[PDB]
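Visitor: Pasting in a structure now, in structure tokens, and then I'll have a few things to ask.
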There are 4 protein chains.
Amino acid sequence: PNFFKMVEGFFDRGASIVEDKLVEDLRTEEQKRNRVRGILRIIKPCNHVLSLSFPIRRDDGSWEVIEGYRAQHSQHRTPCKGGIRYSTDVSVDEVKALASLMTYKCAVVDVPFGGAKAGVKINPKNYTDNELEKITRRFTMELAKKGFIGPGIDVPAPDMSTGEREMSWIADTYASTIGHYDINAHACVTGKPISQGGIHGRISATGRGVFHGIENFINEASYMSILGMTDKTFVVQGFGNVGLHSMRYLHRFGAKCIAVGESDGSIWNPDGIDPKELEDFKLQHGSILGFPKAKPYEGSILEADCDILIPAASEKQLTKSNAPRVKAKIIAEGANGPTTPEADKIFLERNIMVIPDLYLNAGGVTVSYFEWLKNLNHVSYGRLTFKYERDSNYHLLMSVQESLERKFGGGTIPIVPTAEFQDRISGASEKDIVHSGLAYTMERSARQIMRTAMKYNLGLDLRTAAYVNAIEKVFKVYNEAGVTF
Amino acid sequence: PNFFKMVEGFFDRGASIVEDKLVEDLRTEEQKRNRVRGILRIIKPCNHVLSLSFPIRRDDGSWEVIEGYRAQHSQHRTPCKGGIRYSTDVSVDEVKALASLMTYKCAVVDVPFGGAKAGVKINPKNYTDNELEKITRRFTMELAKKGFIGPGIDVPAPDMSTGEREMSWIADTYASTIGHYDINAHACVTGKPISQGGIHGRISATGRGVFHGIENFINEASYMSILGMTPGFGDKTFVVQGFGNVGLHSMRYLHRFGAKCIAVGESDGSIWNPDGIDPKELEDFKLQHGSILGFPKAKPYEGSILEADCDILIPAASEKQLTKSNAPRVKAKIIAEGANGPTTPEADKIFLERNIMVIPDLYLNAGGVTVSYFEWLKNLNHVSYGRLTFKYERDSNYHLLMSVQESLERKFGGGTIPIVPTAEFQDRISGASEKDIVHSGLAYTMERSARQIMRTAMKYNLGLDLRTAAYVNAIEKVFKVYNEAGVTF
Amino acid sequence: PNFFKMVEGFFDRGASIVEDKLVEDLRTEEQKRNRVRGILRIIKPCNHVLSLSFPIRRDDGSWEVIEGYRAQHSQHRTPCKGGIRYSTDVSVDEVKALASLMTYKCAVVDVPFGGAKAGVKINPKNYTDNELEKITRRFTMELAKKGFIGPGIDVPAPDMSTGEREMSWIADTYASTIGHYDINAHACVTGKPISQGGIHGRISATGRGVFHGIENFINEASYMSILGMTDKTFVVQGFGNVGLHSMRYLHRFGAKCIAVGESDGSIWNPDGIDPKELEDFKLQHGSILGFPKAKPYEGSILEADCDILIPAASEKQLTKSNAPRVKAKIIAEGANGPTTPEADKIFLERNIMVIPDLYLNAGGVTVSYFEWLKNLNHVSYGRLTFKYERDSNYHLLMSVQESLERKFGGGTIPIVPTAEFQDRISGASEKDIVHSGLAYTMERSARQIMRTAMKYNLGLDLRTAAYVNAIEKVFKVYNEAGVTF
Amino acid sequence: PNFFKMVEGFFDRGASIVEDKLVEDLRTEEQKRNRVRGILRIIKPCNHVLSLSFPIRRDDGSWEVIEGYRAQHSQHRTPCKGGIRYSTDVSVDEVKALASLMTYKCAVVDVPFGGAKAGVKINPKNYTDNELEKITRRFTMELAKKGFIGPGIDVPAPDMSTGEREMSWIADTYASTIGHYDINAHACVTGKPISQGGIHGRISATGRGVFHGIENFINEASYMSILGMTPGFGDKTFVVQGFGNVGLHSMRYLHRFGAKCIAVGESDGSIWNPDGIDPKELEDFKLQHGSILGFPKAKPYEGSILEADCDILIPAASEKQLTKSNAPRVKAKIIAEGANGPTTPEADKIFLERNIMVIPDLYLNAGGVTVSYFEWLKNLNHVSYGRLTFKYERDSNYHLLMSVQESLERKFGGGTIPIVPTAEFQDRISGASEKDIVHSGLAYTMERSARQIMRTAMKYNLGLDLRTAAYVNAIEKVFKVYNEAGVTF
């Protein structure tokens, strides 16, 4: 099944679960609150979708026509968010499903954004950089002229097929053509380079978010008692950006990586694998094929014995066929939909915890929200507070020193910070604020999801709990908005 | 086949015909003129397509979701034009094809508009007036928030499933919600009632358009010689298939100029009378009760009237009435396509085989678009036509007549009175209004377009294939507009 | 001298002449009306001057910097008007002087426009059409971003070094980038092709204007009595579009072209020269050299014996040296400033009428005004009125016929129009309206100039009369506007 | 030589130095990296120059015409910044040079602003306050109508010939006439009074910035080893050559940190006292009457103080005080260019010959720009700094101290009172205000810019030639934005 059917079924199950509690526990008459559940019918379909067909010039003087799509799901929050994907396999159904997923993903982590998606039916490898720039600029103009690019309307973001260069082109085009009089013309897109208004810590956002999401659940006694846990052993399937950063952060906190797999052959080592050496080997030449101090493991690493499995790889790696054969007890969905609904039932039968992808990989969205806020503030974070905070800390330490010296009759110096504190003070930067905000958001969302799961007497079915929480959050806004006209 | 295939084939045939002339004797290099023909492949696809799903609340406290579509084809003329259809059988393909047709229809009659189409998947029979009004308000707001309703962007028009009431609702919504600061907020739609800014003569626009289209071609001796007829009206015979507003007005206007209507058809049984049928009596009978069934002085003709012997046939009815099956059986030598797409390409080939003149629907029924353009201009002018000129023209005419009278009196020693206008001219002077100006403009446009189409057909050595001539003319105009604008940006 | 000093001296003399009469008989206090003449010193200087320096990328991957200037003289009328020149010898002084001249030229013919001028320091012969288009687009963007291109602010027009292609590019740029939401985005520039929103009869505007200007003065008995004239003989120097059209219309109206000059050798024929044959010969190959039925005249045609001389050619053809040697009683300044002030005094000494260039060549400005009005109306002229007028004419003729038939017992047919009337009815178009309006404007301006010249006891010094009229017209607007606060 | 040629030469030398390293591996095709250096030639010229001539009515019923100029250099950052000058010597060249300098000055201290300058050829001493106000209003309106005043476009700042009254008038005019619908209409100008939206600590901005700039370099042991001095202000002495705002504040802040002033100069006779001079007493004496002439406990030094033996010299005075003639006679090893370009290019060679450090004026006197940036941010935030955080911080501090007290009492178990802060910390808590935040941000910006300049100077193997290092750093920063922007077509 495709993602469209999966998300439709997930939303239907969530609505069916939540409606019974929603009718009574939240309403004010005539028992017609069930007739109000038509609000749930409003949320499901996508509000807007637009199809574009525009020409470009091409370097050899021949004209070409390019097709694109842009879907906006919900306008219950004014600014919409979503990525742009350059691929020949794009379609209206895919962008609609991804836009629908985006609203729930944003609502889970309490980000006041809508949902949107964009796709251009193009092959990046078949074009020159000049042609790509022309395509991006024309696409930006076409979206702007119909109200789909505005800083207070819709804020596009990069995807796996595009990069910060395209975002820089989009921002320049919008700020030079349409948003000339707008004071916030540079907040119309996210993912820009630092020189163009980007934010620090954007590269390692998703891996850090995945690490925090795993840490929040792994430290709860109630779930570990059910799972029989609490050292740490994890296996990552995929060595992209997300997998690399997730492995780095997990290993930094005292976890051992047993196996690493990719599209080609895998790697296995009981003693553990150093993330830095593996990264250097991968950057040196091609893939990790031939890494020293590592054995060429045969077969799928999914069945390998480990405490944590991170399938940060291609679509629906886990299916009903290989579901009963896995040995990992905790699965952290690093990618979008690595498991099939049948596999979910199989895992739930044998009490296998599955952390939903709707919550785990929202670090990128959170950092995009932070970058949008920074662009609106017209100033980097912490520029006006670092020196003042340092002075306050030194004053506090001196106060403690003087108070202690005034009680015990000479040599007492509490004013010396620790080595880590001294490094934190000296190397203060903007990315510290971003990381702290990301950790806070992940912790709060994990707590909310746990409470929602407890409320509805759900077990290890965290996906349904997250969907129910998102549906409740959206329904509250629709209900209290009054519905215009 | 569906209309999408027919319009795609027509455009492909027109482009193939025109490219040969368009490459060589058009412009100023390196023989890259065959490489700039890519401009043509820019014209074919639609530029923008949008689909909406919006909620309303029913009268019984229940909620519902309504789906709609809006397609804009070309932006070479930034005011886009198109109708809105309320029907449960709408689809993206239909609105795309209709917008593509509207672009060429506007280009043929030299109307500086683009092409657009809108459809709402709702049947009007299952809703009350309040629910319909709420649906129109929400649809207008949704289109406004995305840039599809603006007076300088897109001007919707009524269709067969909607009326002036919906247009009034849309105009009020736009003028009260989004276009509050716009001085031309009431020019966002056409077809409004006269009290809301409508134009006179809008009801009978298509009938006059069809009548003028037939009259222009029927007076050309070159084509009459080919068809073996006599030029001009009089002693002519025409049969109308369908008795809507278009057919009724066309029959009235044809009978006014000395034509005899022999048969009138409809969904139910038909009519036949060699002596002719009076349009006024038939209209009164139809308005009295139900259909024209049982009309006095009318033999209940049996069988399809399409094969009846007549000089002119007007298929103003449902789509593709004429097919390859009944093509070799018709007896009419001139066919005037009142409606959109009443014939199939095989039927057109059969007619060309037996030199049967077919007036294209792309040009014949374009009077409504012209009158909508005039209404848009009137809304922009903030004044009705002729308000500041009628009395001045009357004074000038009287001064001219008095001058002639005095000059004639200066030559002869009795009393001459040339200052007396004719009865027709006196009635014209007394009853001066806006509809006279509207009808004169419509006639002028229909004459110019017909002359241009005939010249284009002569240029490309085409015979009675006026459809391809019209398509070639429209493609030439659109290509010129693109080419002289610099294209690249 | 330079034209900056020329226009400064002309304005100073005009203001000196006006001041005395203006003070006494214009207002209803303390005799301090003479202190209000500071209003005059407000009119003289230019209001705004802008200098632009923008980059482009050449065809061979090279970057270049292009400089330009735009001067706006007066804002007493909101829409400013002026040409754009592409030349390597442009300067701030030249554009300022031309902008100052434009205000008076517009005010003479009662056109509610200001004055402006633009220059770009580029040689058009060293650039590819793609490079020229890029330069035009960037220049339009730079002018738009600072408020110098708006349809209600400033409307550029073509010049000798630019054509309709540049104005098509300008209109496309403004309608696609800045004036997207403007309903009159295509009225921001004048001179566009007919397909892009141009007007008919624009090509032959200046020739008709010159012909009408000459005709209006040549039919005034008072001036011809002073000159002792009143068939017609004229000599034109220069064979541009202006000279060609002027010769065509003059020959059509019964005048004889004795000689024709150009940059190369001249042409002389006592029997006259046919404009059509000469135009065909010139278009066939190169110049008019070798034209049959044309003696190769040797020497300067300026001293040739003719009743009318039209110096529609290069700058400053008449000076104090050759002034006494001319034999033309009437000189019609087709071009901008072909006569020196000393030559003006010499001509005034021996009764030589000099029709000012300020009034003679305003046909282009008038037709530009008409095109701007047409673009604002969103419809061509006469589309809704031709059929109604034809019906009214036929009804009037039929009424006369029927009235004449009531007096006599066979058949009278007044319904038949004359051949010229029938041709006029059949070939009705927009150019007829444009030419009619141009003729009306020229006649009214000529009458106003004659009245102003008579009022101030001026003789054949029509230049000062025109300057006085323009100064009075501008001063009236400033005086009644309240001079703001 | 005028500043135009000096800045042209500085930019040319910086570009020539940076080109070789920039073409190389520092940036990532057919070896066209050397051919893209046209980007550099894009940066040098000014983008926009505007000249105005507007009328006013004088007090005695007479009209006058006033001319002015406004130059904008770079638009790589949308908000442009620059001062407005009132003097009858302004010209296009001067405003162009100052606007060009402003871009580099802003880029050095990492302030996202462009460069601009305005000059009105007027004499303030010959006009009544009413006439000056009318001139300011008309000038503001003229700049507004052409897009030169906008809060997101261009933000003017005061200068030596204009005060806060003019900027209050400008802000009132913009908020009342053009920016009526703008929510940030009061952010269109800086330097306003506090009651009109000004910021605290604006008066002493430049002196504090100069002090911080000197202090950053003084404590760097690597440079003091070359100069042969010792780090710290302990035994240092300074000679100020001016008594403006900059000179008044700089010496007060230096004395506050243990620096002794041995001499003070001005446009008149000097003062010499080895024991030191009190800034407060001298300021009070000057404010009491006239100049510092006749100050008690101050020997009336005769001669040029530029040659006086001192550790550091601060020439905050008129143009180009230091020249080639004076260069060999200076006994100060460190020169802090407090003013705007007081050193000729020739004298720099002599200073480099015998190891005399010259802190560039581009970086030293940039504190005013930073404080203007902070004021612009405050106007955008619609709230003063620290209003919602001052009370929370003291609660946090008291909770921390109480926690320490409780832990210490638990460990031992009579009474320990760590809760008491120090006297300076208690005074800081009691008198918390916005100027503390402003000064903290200024110090942070100066420290970061000094570190960046040192790193850039070390990178290109430059010695004590800090001016070229600063210019190279600014050029690199601007080129980064131009290169990564893609250059719109």
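Quick note on naming: the chains in the structure tokens go A, B, ... in the order shown, residues restart at 1 in each chain, and ligands are numbered from 1 in order of appearance.
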List as a ChimeraX atom specification the protein and nucleic acid residues near residue 33 in chain B, meaning an atom at most 10 Å away when only C-alpha atoms are counted, but skip any in the same chain fewer than 5 places from it.
Guide: /B:19,22-24,26-28,38
Visitor: May I have the residues of chain B within 6 Å of chain A, counting only C-alpha atoms, written as a PyMOL selection string?
Guide: chain B and resi 38+47-53+63+146-147
Visitor: Which RMSD value, in Å, follows from superposing chain D onto chain B on all C-alpha atoms in order by least squares?
Guide: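 In short, the RMSD is 0.4 Å.
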Visitor: Counting only C-alpha atoms, which residues of chain A sit at most 9 Å from some atom of chain C, and what is each one's closest atom pair with its distance in Å to one decimal, listed by chain and rising residue number, as a tab-separated table?
Guide:
```
residue	atom	partner	partner_atom	distance
A:141	CA	C:177	CA	8.8
A:145	CA	C:180	CA	7.9
A:176	CA	C:177	CA	8.9
A:177	CA	C:177	CA	5.4
A:178	CA	C:177	CA	6.5
A:180	CA	C:145	CA	8.0
```
Visitor: For those residues, write C-alpha atoms to a file as a PDB file, in the first residue's frame.
Guide:
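Saved to part29.pdb:
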```
ATOM      1  CA  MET A 141       7.703  33.594  -9.586  1.00  0.00           C
ATOM      2  CA  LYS A 145       1.910  35.340  -8.313  1.00  0.00           C
ATOM      3  CA  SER A 176      14.010  41.176  -5.572  1.00  0.00           C
ATOM      4  CA  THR A 177      10.729  40.795  -7.494  1.00  0.00           C
ATOM      5  CA  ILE A 178       7.559  40.593  -5.366  1.00  0.00           C
ATOM      6  CA  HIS A 180      10.462  44.263  -2.452  1.00  0.00           C
TER       7      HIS A 180
END
```
Visitor: When DSSP is applied to the backbone of this structure, which of range 103-175 of chain D are assigned strand (DSSP E)? Write them out as an MDAnalysis selection string.
Guide: chainID D and resid 116:120 154:157
Visitor: Taking the chain letters and numbering used in this document, name the residues of range 16-133 of chain A that DSSP puts in helix (DSSP H, G or I), as a PyMOL selection string.
Guide: chain A and resi 16-25+33-36+38-43+92-108+124-126+129-133
Visitor: So which residues touch range 279-281 of chain D within 12 Å, counting only C-alpha atoms, skipping near sequence neighbours fewer than 6 positions away, as a list in words?
Guide: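 Here the qualifying residues turn out to be residues 240, 243, 247, 248, 249, 250, 251, 252, 253, 254, 255, 256, 259, 260, 261, 262, 263, 264, 287, 288, 292, 295, 296, 297 and 298 of chain D.
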Visitor: Write out as a PyMOL selection string the residues lying within 12 Å of residue 242 in chain C, counting only C-alpha atoms and excluding same-chain residues fewer than 2 positions away.
Guide: chain C and resi 160+202-211+236-240+244-249+310-313+333-335+360-364
Visitor: Need the shell around residue 473 in chain A: protein/DNA/RNA residues with any atom at most 12 Å away, counting only C-alpha atoms. Skip same-chain ones fewer than 2 positions apart. Format as a PyMOL selection string?
Guide: chain A and resi 18+22+40+43+76-77+103-112+448-449+452+466-471+475-480
Visitor: Please write the residues from the selection above to a file, keeping N, CA, C and O atoms, as a CSV table (one decimal), in the first residue's frame.
Guide:
```
chain,number,residue,atom,x,y,z
A,18,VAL,N,-11.0,8.8,19.1
A,18,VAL,CA,-11.1,10.0,19.9
A,18,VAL,C,-12.5,10.6,20.0
A,18,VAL,O,-12.8,11.3,20.9
A,22,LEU,N,-14.4,12.8,22.9
A,22,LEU,CA,-14.5,14.2,22.4
A,22,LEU,C,-15.9,14.7,22.5
A,22,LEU,O,-16.1,15.9,22.8
A,40,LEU,N,-14.6,16.8,12.1
A,40,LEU,CA,-13.6,15.8,11.8
A,40,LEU,C,-13.6,15.5,10.3
A,40,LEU,O,-12.5,15.1,9.7
A,43,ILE,N,-11.3,18.3,8.5
A,43,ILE,CA,-9.8,18.2,8.6
A,43,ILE,C,-9.2,17.3,7.6
A,43,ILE,O,-8.1,17.6,7.0
A,76,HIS,N,-5.7,26.2,9.3
A,76,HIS,CA,-6.1,26.6,10.7
A,76,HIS,C,-5.0,27.4,11.4
A,76,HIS,O,-5.2,28.1,12.4
A,77,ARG,N,-3.7,27.2,10.9
A,77,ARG,CA,-2.6,28.1,11.3
A,77,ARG,C,-2.1,28.8,10.1
A,77,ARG,O,-1.9,28.1,9.0
A,103,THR,N,0.9,18.5,8.6
A,103,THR,CA,0.1,19.2,9.6
A,103,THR,C,0.1,18.4,11.0
A,103,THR,O,0.4,19.1,12.0
A,104,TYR,N,0.0,17.1,10.9
A,104,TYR,CA,0.0,16.4,12.2
A,104,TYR,C,1.4,16.4,12.8
A,104,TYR,O,1.6,16.5,14.0
A,105,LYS,N,2.5,16.3,11.9
A,105,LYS,CA,3.8,16.4,12.5
A,105,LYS,C,4.1,17.7,13.1
A,105,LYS,O,4.7,17.7,14.2
A,106,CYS,N,3.6,18.8,12.5
A,106,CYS,CA,3.8,20.1,13.2
A,106,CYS,C,3.0,20.2,14.4
A,106,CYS,O,3.5,20.8,15.4
A,107,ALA,N,1.8,19.7,14.5
A,107,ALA,CA,0.9,19.8,15.6
A,107,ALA,C,1.5,19.0,16.8
A,107,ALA,O,1.2,19.4,18.0
A,108,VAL,N,2.2,17.9,16.5
A,108,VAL,CA,2.7,17.1,17.6
A,108,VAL,C,3.7,17.8,18.4
A,108,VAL,O,3.7,17.8,19.7
A,109,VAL,N,4.6,18.6,17.8
A,109,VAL,CA,5.7,19.3,18.4
A,109,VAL,C,5.3,20.7,18.7
A,109,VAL,O,6.2,21.5,19.0
A,110,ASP,N,4.0,21.0,18.6
A,110,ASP,CA,3.5,22.4,19.0
A,110,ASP,C,4.2,23.5,18.2
A,110,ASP,O,4.6,24.5,18.8
A,111,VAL,N,4.2,23.3,16.9
A,111,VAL,CA,4.8,24.3,16.0
A,111,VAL,C,3.6,24.9,15.3
A,111,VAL,O,2.9,24.3,14.6
A,112,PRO,N,3.4,26.3,15.4
A,112,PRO,CA,2.2,26.9,14.8
A,112,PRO,C,2.3,27.0,13.3
A,112,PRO,O,2.3,28.2,12.8
A,448,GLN,N,3.7,14.8,26.5
A,448,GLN,CA,2.3,14.9,26.1
A,448,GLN,C,1.9,13.6,25.4
A,448,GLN,O,0.7,13.1,25.7
A,449,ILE,N,2.7,13.0,24.6
A,449,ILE,CA,2.3,11.7,23.9
A,449,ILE,C,2.1,10.6,25.0
A,449,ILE,O,1.2,9.8,24.9
A,452,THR,N,-1.2,11.2,26.7
A,452,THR,CA,-2.3,10.8,25.8
A,452,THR,C,-2.5,9.3,25.7
A,452,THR,O,-3.6,8.8,25.7
A,466,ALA,N,0.0,9.3,19.2
A,466,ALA,CA,0.5,10.5,18.6
A,466,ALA,C,-0.6,11.1,17.6
A,466,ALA,O,-0.8,12.3,17.6
A,467,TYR,N,-1.2,10.2,16.8
A,467,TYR,CA,-2.2,10.7,15.9
A,467,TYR,C,-3.4,11.2,16.7
A,467,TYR,O,-4.0,12.3,16.3
A,468,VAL,N,-3.8,10.6,17.8
A,468,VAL,CA,-4.9,11.1,18.6
A,468,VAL,C,-4.6,12.4,19.2
A,468,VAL,O,-5.4,13.3,19.2
A,469,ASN,N,-3.4,12.6,19.7
A,469,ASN,CA,-3.0,13.9,20.2
A,469,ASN,C,-3.0,15.0,19.2
A,469,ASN,O,-3.5,16.1,19.5
A,470,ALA,N,-2.5,14.7,18.0
A,470,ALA,CA,-2.5,15.7,16.9
A,470,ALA,C,-3.9,16.1,16.5
A,470,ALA,O,-4.3,17.2,16.3
A,471,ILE,N,-4.8,15.0,16.4
A,471,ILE,CA,-6.2,15.3,16.0
A,471,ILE,C,-6.9,16.1,17.1
A,471,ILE,O,-7.6,17.1,16.8
A,475,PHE,N,-8.5,19.8,16.4
A,475,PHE,CA,-9.9,20.0,16.7
A,475,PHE,C,-10.2,21.1,17.7
A,475,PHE,O,-11.2,21.8,17.5
A,476,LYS,N,-9.3,21.2,18.7
A,476,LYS,CA,-9.5,22.3,19.6
A,476,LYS,C,-9.5,23.7,18.9
A,476,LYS,O,-10.3,24.5,19.2
A,477,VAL,N,-8.5,23.9,18.0
A,477,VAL,CA,-8.4,25.1,17.3
A,477,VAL,C,-9.6,25.4,16.4
A,477,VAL,O,-10.2,26.4,16.4
A,478,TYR,N,-10.1,24.3,15.7
A,478,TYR,CA,-11.2,24.5,14.9
A,478,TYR,C,-12.5,24.8,15.7
A,478,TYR,O,-13.3,25.6,15.3
A,479,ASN,N,-12.6,24.1,16.8
A,479,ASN,CA,-13.8,24.3,17.7
A,479,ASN,C,-13.9,25.7,18.3
A,479,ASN,O,-14.9,26.4,18.2
A,480,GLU,N,-12.8,26.2,18.8
A,480,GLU,CA,-12.7,27.5,19.4
A,480,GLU,C,-12.6,28.6,18.5
A,480,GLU,O,-12.9,29.8,18.8
```
Visitor: Near range 120-129 of chain C, counting only C-alpha atoms, which residues have an atom at most 8 Å away, once you skip same-chain residues fewer than 2 positions from it, shown as JSON, numbers by chain?
Guide: {"C": [66, 67, 68, 69, 84, 85, 86, 87, 88, 89, 90, 118, 131, 132, 133, 161]}
Visitor: Take the residues that were just selected and, keeping N, CA, C and O atoms, output them as an mmCIF file, in the first residue's frame.
Guide:
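In the end it all went to again_8.cif:
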```cif
data_model
loop_
_atom_site.group_PDB
_atom_site.id
_atom_site.type_symbol
_atom_site.label_atom_id
_atom_site.label_comp_id
_atom_site.auth_asym_id
_atom_site.auth_seq_id
_atom_site.Cartn_x
_atom_site.Cartn_y
_atom_site.Cartn_z
ATOM 1 N N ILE C 66 27.190 49.332 -16.084
ATOM 2 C CA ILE C 66 26.550 50.290 -16.975
ATOM 3 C C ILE C 66 26.000 51.433 -16.138
ATOM 4 O O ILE C 66 25.408 51.208 -15.075
ATOM 5 N N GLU C 67 26.197 52.658 -16.619
ATOM 6 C CA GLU C 67 25.745 53.853 -15.927
ATOM 7 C C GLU C 67 24.667 54.566 -16.732
ATOM 8 O O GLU C 67 24.659 54.543 -17.971
ATOM 9 N N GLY C 68 23.741 55.185 -15.999
ATOM 10 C CA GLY C 68 22.630 55.892 -16.602
ATOM 11 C C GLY C 68 22.134 56.995 -15.693
ATOM 12 O O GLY C 68 22.489 57.071 -14.517
ATOM 13 N N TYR C 69 21.298 57.859 -16.263
ATOM 14 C CA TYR C 69 20.760 59.006 -15.549
ATOM 15 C C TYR C 69 19.293 59.190 -15.903
ATOM 16 O O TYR C 69 18.864 58.916 -17.026
ATOM 17 N N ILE C 84 14.106 58.087 -23.709
ATOM 18 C CA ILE C 84 15.276 57.362 -23.231
ATOM 19 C C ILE C 84 16.266 57.256 -24.380
ATOM 20 O O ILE C 84 15.910 56.794 -25.469
ATOM 21 N N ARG C 85 17.505 57.673 -24.137
ATOM 22 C CA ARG C 85 18.543 57.673 -25.156
ATOM 23 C C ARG C 85 19.646 56.697 -24.772
ATOM 24 O O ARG C 85 19.995 56.572 -23.595
ATOM 25 N N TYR C 86 20.171 55.991 -25.769
ATOM 26 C CA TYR C 86 21.282 55.056 -25.601
ATOM 27 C C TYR C 86 22.477 55.636 -26.347
ATOM 28 O O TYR C 86 22.548 55.544 -27.576
ATOM 29 N N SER C 87 23.415 56.231 -25.617
ATOM 30 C CA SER C 87 24.552 56.850 -26.286
ATOM 31 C C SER C 87 25.709 56.961 -25.310
ATOM 32 O O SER C 87 25.518 57.028 -24.095
ATOM 33 N N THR C 88 26.918 57.002 -25.866
ATOM 34 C CA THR C 88 28.139 57.048 -25.077
ATOM 35 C C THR C 88 28.570 58.467 -24.732
ATOM 36 O O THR C 88 29.609 58.646 -24.091
ATOM 37 N N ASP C 89 27.801 59.476 -25.139
ATOM 38 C CA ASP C 89 28.120 60.868 -24.841
ATOM 39 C C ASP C 89 27.038 61.537 -24.001
ATOM 40 O O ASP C 89 26.918 62.765 -24.016
ATOM 41 N N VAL C 90 26.245 60.755 -23.271
ATOM 42 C CA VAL C 90 25.211 61.329 -22.421
ATOM 43 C C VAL C 90 25.844 61.939 -21.176
ATOM 44 O O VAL C 90 26.945 61.572 -20.757
ATOM 45 N N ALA C 118 15.993 60.450 -19.848
ATOM 46 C CA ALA C 118 16.836 59.347 -19.415
ATOM 47 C C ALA C 118 17.928 59.093 -20.441
ATOM 48 O O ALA C 118 17.706 59.164 -21.652
ATOM 49 N N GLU C 131 22.226 40.883 -24.931
ATOM 50 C CA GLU C 131 22.822 41.811 -23.976
ATOM 51 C C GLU C 131 22.007 43.093 -23.867
ATOM 52 O O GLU C 131 21.815 43.621 -22.765
ATOM 53 N N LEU C 132 21.524 43.610 -24.998
ATOM 54 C CA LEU C 132 20.693 44.810 -24.965
ATOM 55 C C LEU C 132 19.408 44.561 -24.189
ATOM 56 O O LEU C 132 18.968 45.414 -23.408
ATOM 57 N N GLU C 133 18.793 43.395 -24.391
ATOM 58 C CA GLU C 133 17.582 43.065 -23.650
ATOM 59 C C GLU C 133 17.859 42.977 -22.156
ATOM 60 O O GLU C 133 17.077 43.483 -21.344
ATOM 61 N N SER C 161 17.879 56.578 -30.660
ATOM 62 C CA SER C 161 18.759 55.437 -30.454
ATOM 63 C C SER C 161 18.039 54.205 -29.922
ATOM 64 O O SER C 161 18.676 53.165 -29.741
#
```
Visitor: Please provide as a PyMOL selection string all residues within 9 Å of residue 94 in chain B, with the sequence filter that same-chain residues fewer than 3 positions apart are discarded (counting only C-alpha atoms).
Guide: chain B and resi 2-4+90-91+97-99+117+119
Visitor: CA of residue 347 in chain A and CA of residue 254 in chain A are how many Å apart?
Guide: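 Separating CA of residue 347 in chain A from CA of residue 254 in chain A is a distance of 27.3 Å.
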Visitor: Using only C-alpha atoms, which residue out of D:75, D:127, D:139, D:489 lies closest to chain B?
Guide: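 Looking at the shortest contact to chain B, the residue is D:489.
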Visitor: Record the distance separating CA of residue 358 in chain A and CA of residue 4 in chain A, expressed in Å with one decimal.
Guide: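 Taking CA of residue 358 in chain A as the start and CA of residue 4 in chain A as the end point, the length is 14.9 Å.
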